[PDB]
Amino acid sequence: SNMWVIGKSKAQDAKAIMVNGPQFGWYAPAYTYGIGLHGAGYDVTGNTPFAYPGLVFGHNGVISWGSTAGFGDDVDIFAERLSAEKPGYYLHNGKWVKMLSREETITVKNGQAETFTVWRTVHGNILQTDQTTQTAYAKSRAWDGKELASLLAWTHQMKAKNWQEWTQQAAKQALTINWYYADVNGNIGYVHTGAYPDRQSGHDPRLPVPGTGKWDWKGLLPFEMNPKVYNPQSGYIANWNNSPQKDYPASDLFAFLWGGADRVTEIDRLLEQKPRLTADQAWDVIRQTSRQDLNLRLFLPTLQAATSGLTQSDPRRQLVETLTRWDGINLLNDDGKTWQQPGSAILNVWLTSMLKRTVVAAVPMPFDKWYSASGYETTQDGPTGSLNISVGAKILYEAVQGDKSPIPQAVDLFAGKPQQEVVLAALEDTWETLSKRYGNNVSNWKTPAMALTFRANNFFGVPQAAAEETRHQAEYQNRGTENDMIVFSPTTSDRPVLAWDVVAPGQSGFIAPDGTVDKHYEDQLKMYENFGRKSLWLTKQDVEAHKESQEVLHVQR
């Protein structure tokens, strides 16, 4: 998920601009739901996932808000000590304590029901895997018992009218989420919200801890610790699931890293490139980042150095010149199937080869597999989510940075070999592979483009529509499942705020019994495709002027 908030010092023809592109995957019907609420202290417009009571993407005419997953480390694992003699108990603070347990029955269509038991300790529910007569692992969330509070915090924040009222709600949201603020006066803000544990001294949060007691969390860190900024000197706030703040530790996931290589640099670059940006230019950042190859910028210098001293006819050198002339912005050919330039295919093959010769070669099997993905992997349906720099690539990047990397290279990923030789050997593989496939005339290479699918099964893999409802889009775009922009104090409008979004395929998922699809079933699909957007209304007069239907209910609780 990406987000850029542009404040007063950098907004052109406006005081603040917020552009959010949450990356939830693509589904039919739409992942989010458009809704406006007017009364009982609320006055808001926007759209939100699964129609949560609280709008994750929206505004109230005074402030606007958005989110991207924070990926902080708010979960630790406790290795409980068991005993064969006391089934259902675990040792904790010197005593054998009784686990919580419940019976569940999975009823099954056209099948036999299944009954099983779920177990929980003071640290959280027990994991099925990694079980032994002596050990069971509990999953401990800093947000345990704060589910409802987070749901309400996300709702109540909608009524905030300034930074102080908003951060008050942000402090109650316990999940690890980045929250963003903007307002009519041009103020902008950011909070890496969530509950985070106050860990014992000596507790390495990347590894499990004994559950017998001495390693229990002290409590939760206070809100003062949560990374936050209000009106930053930079004049902008940009995020793409990258680190919130210097020295802030990431999620413990082995496939997740905040390092020198980060896709967020792609956004910082476009915001810094122009002193001030208009709403239209800020929106345009979606189109550009959604087509930007994310590895070009990181490895190009390494690629140039390695081939800088080769003759002109060297095919390795020429693959690099090709990359050098490229902006890295993929476009479709007239065929709607292939990319105008072969750069991503080149980088993909080369990177895959580099990882296998380096990081992969240094890690013991089968962990080595964790570091072999190039980040271009996909199926014929295209990516299920965003495109990112792979974990191996991030590690590889520290290595090619040499002494400029702050990470001590305990082991040499290049294993004594000069970096240039290994980079060349990988360029050799790339040329052999690609030339064998497309021929020796690079300029006519028509490599496969990624496509995009709005899936009929939800993220769980559960149908939420019939299979035939799947929608297809020729061009994959590394962008939000939805995109909304809020523009405060636009100088060319009669309103103090303007707002747009796109909810594809459409607002409605309804199909009548006879198969007649709703009028709003697919009216936003082509709009999504061409980086279009429609207006979000807020005031009574705007909603009224754009009304298509109206219905009044009379009900008493």
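Heads up: residue numbers just count along the shown sequence, starting at 1.
> Out of 103-111 and 286-294, which stretch has the higher average CA B-factor listed in the record?
Result: 103-111.
> Would you mind comparing 500-508 and 485-493 for me and telling me which has the higher average C-alpha temperature factor in the entry?
Higher of the two, by average CA B-factor, is 485-493.
> Go through 463, 94, 202, 342 one by one and give the residue whose Cα B-factor in the PDB entry is largest.
Spelled out: the listed residue with the top C-alpha B-factor is 94.
> Looking at the C-alpha B-factor values in the deposited entry, which of 81, 156, 141, 228 comes out highest?
Largest recorded C-alpha B-factor: 81.
> Against its chain's modelled residues, does residue 41's Cα B factor rank lowest, middle or highest third?
Middle third.
> Is residue 453 in the lowest, middle or highest third of its chain when residues are ranked by C-alpha B-factor?
Middle third, going by the recorded CA B-factors of the chain.
> When the deposited Cα B-factors of this chain's modelled residues are ordered and cut into thirds, is residue 366 in the lowest, the middle or the highest one?
It belongs to the highest third of the chain when residues are ordered by C-alpha B-factor.
> Which third, lowest, middle or highest, does the C-alpha temperature factor of residue 532 belong to within its own chain?
Middle third by C-alpha B-factor.
> Could you look up the Cα B-factor of residue 280 in the entry and say which third of the chain it sits in: lowest, middle or highest?
It falls in the middle third of the chain.
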